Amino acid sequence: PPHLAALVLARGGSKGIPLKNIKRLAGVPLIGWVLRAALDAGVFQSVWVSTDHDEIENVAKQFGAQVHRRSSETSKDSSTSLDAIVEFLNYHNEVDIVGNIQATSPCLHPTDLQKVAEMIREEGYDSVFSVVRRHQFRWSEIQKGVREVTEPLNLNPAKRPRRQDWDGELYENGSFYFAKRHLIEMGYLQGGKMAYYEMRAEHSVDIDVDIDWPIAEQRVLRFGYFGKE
């Protein structure tokens, strides 16, 4: 069967706090959360970590992840996830399907990764990515050259609905992006027979979105996977 490789891109020069990817969150360096759920899923043929730093390589290896080294060319704030993902495949042909997991979503559980693997295995999906449901109203933005005018992009102001009165909308949460080789090797992170996977809001809060690291630590300790019971 195909080769499902978990891939976690972890550069050294992060935003604000440098070497953020191995910073301890709840006593465990970041990449460790996601790598653990990855391996415990027992669904991948290989769990990788693409980095450019010696310390990230070490931590990765401590968590039983294979490591792929690269330069910082795909580690720039102008670089893209597809950039570094191709950089990787261009070295491992055995890899048929890439499960790109982001360390900035430490509350991932193996259960979700197992069901996505099954969506691809069973319903022959080409690409699958994590999504989250939200119930927040959207309003235009005063265009350039001003004019001043907002319009309800969602609701009808005459009748504002309660949150339990309407499905919300679906937004990617950044957790994971699964895609076949032929797709990534074409420029699409998502495409072909596409599907999303709705995860629980408790697992969707991004590290950079919580803002504060400790509030984030409070979060992972309350909703994260700590390994096998």
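Don't overthink the numbering: it's just position in the shown sequence, from 1.
Trainee: Using only the Cα atoms and their B-factors as the entry lists them, report which of 215-223 and 15-23 averages higher.
Mentor: Taking the mean B-factor of the alpha carbons in each, 15-23 is higher.
Trainee: Hey, which bit's got the bigger mean C-alpha B factor in the entry, 27-35 or 66-74?
Mentor: Comparing averages over the C-alpha atoms only gives 66-74.
Trainee: Which of these has the highest Cα B-factor in the record: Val131, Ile120, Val86, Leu113?
Mentor: Out of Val131, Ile120, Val86, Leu113, the record gives the largest C-alpha B-factor to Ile120.
Trainee: Can you pull the Cα B-factors for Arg162, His182, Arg200, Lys193 from the entry and say which is highest?
Mentor: Max CA B-factor in the entry, restricted to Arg162, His182, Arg200, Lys193: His182.
Trainee: Split the chain's modelled residues into thirds by Cα B-factor; is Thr80 in the lowest, middle or highest one?
Mentor: Middle third by C-alpha B-factor.
Trainee: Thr150's Cα B-factor: lowest, middle or highest third of the chain?
Mentor: It falls in the top third of the chain.
Trainee: Rank-wise, by C-alpha B-factor, drop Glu57 into the lowest, middle or highest third of its chain.
Mentor: Middle third, going by the recorded CA B-factors of the chain.
Trainee: Which third of the chain does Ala158 land in by C-alpha B-factor: lowest, middle or highest?
Mentor: Its C-alpha B-factor belongs to the highest third of this chain's values.
Trainee: Which third of the chain holds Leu108 when residues are ordered by C-alpha B factor: lowest, middle or highest?
Mentor: Lowest third, going by the recorded CA B-factors of the chain.
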